[PDB]
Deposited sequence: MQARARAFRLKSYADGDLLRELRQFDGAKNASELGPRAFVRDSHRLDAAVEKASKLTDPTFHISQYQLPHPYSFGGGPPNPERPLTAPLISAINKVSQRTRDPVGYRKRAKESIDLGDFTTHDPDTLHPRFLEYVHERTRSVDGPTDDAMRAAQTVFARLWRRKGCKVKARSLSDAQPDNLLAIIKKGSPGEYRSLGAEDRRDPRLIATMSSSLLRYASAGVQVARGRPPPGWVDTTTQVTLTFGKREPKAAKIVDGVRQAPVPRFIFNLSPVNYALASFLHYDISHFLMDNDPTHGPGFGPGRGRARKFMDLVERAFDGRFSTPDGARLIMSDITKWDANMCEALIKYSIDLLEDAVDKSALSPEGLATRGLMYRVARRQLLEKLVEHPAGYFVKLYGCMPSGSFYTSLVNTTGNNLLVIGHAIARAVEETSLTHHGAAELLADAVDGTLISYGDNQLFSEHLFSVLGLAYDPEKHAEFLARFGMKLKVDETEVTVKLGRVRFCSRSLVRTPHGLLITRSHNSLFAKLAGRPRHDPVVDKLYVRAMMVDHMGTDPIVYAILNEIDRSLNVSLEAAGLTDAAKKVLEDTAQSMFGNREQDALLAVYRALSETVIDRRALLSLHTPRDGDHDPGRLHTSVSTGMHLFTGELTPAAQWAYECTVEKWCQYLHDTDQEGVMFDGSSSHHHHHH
């Protein structure tokens, strides 16, 4: 409707549409339309009964996709990291073992960029059989699992109410629209989702449901646009560090993740319907990961689960294990059946009882559209052409974390219920009432990342069984990697969102594995040398100074970068990352202030105390203390009190650390 109107091709089958597309095919990072990027996907889909993907009959004269290419090939941190590991490993208990374990990770360190010619093979992961619905036994279990969380949410105080359309007015809609992508409106001049003309368009796209609902509440049929309104979804490849893996010998360089950039109109509908229920779960649902962070008291849902399972010890007091589910490529494989159970449960938690009959019908039409649009997407493939995608989670939707987390939680509870009805004398209702009590404190998911206590199965009179867990997931087309799913009784192997917990004599302390740091460093492409030096310090911040080996290694790398730090001169990249420092030290961001900061940078050290202050919560019992440049350019001194356990970690040398982890059996935190 905006001059970009699509034309209809003549064919119907994918193989014939593909031939038709050649007639539109077109530096090395400008976009060129290329229908051959679809060849393998079309070939794969042709052998499937119910494929997740078809070529769209409708196409645009001009595509939205942009070109790309490979990153800078140099890896400037690999050599300094090796010297640092060479030195610090000598102060650990097994120096040659540490250096070998660490070399494995450095070798895998890599990096992905957006490039249409490397992105299209990743899309094959999204091309497989649909699972529209599951069989009777599984459905009964999944609907019982829905009652578990619905009960949990009510007990936790859920009082979320349906919004009125007053909140779809431009001035009120702003409070539930975050800044970000204009999606397909970027072609029309919009730069941000929160731009006033976009906000006006998103508002109109919500208010149009009012009169549609008036008709349905009178028993008339809905307007036609309700069932046909669609928005284009754009795609691109993720730019990030990513570790290669060794699969059957060959070291497999990483394929870029497939990212979806959804339309602001779809965003506005999702947020109008479900912003509140999402924020209620973040604040109050103990199984809901989103809201988590590693510092400042934000890991409490993780720590509460661990402390219920370990009660002060380093191994679980009973033998009850902890399970960390390892699922292959969650977003590509989340089927329509699981998406429906998840979003339906979320919509059910929203209280509609105060709505008028028109208001209720209006919300029903809005939900109808949001559900259909989560399930069936119109996606511009990196070939430069539209395809239709049924199921899969479109990573980048408003619903991504919310629905992935809800679905993973429903999987394990549905599985538990399914086993109980088959194997024991519990009914669906009876298993549900047990799990509703036991799930509070025994389960947490963050999308496909999951951690749960075997007590979920204990209270059903069952023991966890990974093959039965994998078989349940396979009913939804998902592959639980059984040999990579950690099952343990030891705190040192418990993980959540890439974080470990170390129990010190004064309490728990979030930490991170060393191998993850080494791969990221080995994968870092060459930037401006000041930018890269500040990246190494950002890594210190990410690790929060808990581990003195990690601090030592990073402090070594930081020093080593000083030899060549000034070789590029004061570039614009270096100016940008030094601006905050120049204004806090000299009052201005002018050339001389910036160069004074620049030339002093070689003289700075990042204080481990500043890093460990990040464990301090902002509690009204704790004042964490301002950091200024303490963890970036290092030109302020951090004054402030650490938490007891973090104070213990400051007083703790490489040598004391390895001894304590050895004596407590917590050395699992270092690797994996």
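Sequence ranges 1, 28-34, 681-690 have no coordinates in this entry (deposited sequence, numbered from 1, C-alpha basis).
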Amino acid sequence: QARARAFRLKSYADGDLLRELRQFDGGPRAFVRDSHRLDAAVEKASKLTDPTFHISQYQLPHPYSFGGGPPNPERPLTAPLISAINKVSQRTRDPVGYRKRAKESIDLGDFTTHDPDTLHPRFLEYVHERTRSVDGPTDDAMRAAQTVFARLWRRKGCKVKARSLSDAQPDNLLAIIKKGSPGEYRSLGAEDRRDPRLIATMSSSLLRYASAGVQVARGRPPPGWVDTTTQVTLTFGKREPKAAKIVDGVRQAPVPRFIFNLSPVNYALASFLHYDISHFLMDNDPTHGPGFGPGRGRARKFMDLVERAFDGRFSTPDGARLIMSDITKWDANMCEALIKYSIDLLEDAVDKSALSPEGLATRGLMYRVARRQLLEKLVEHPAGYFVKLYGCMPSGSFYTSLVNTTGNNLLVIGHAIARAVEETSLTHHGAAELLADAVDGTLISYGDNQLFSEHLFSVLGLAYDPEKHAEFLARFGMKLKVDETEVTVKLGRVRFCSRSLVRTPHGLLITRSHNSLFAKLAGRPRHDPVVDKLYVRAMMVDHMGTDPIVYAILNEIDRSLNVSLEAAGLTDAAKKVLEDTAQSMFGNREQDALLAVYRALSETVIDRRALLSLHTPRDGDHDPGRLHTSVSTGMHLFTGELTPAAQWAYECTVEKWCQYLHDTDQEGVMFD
From here on, numbers count along this sequence of modelled residues.
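If you average the C-alpha B-factors over 455-463 and over 372-380, the higher value belongs to 455-463. With 52-60 and 613-621 compared on mean CA B-factor from the PDB entry, the stretch scoring higher is 613-621. Looking at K301, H428, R122, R599, the one whose CA carries the top B-factor in the deposited record is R599. The entry assigns its greatest Cα B factor, within the set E20, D25, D14, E651, to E651.
When the CA B factors of the chain's modelled residues are split into thirds, the value for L435 lands in the middle one. Ranked within its chain, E191 lands in the middle third, by CA B factor from the PDB record. Ranked against the other modelled residues of its chain, the C-alpha B-factor of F236 as given in the entry falls in the lowest third.
Sort the modelled residues of the chain by CA B factor and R313 lands in the highest third.
In this PDB entry, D448 carries a Cα temperature factor that places it within the middle third of its chain's modelled residues.
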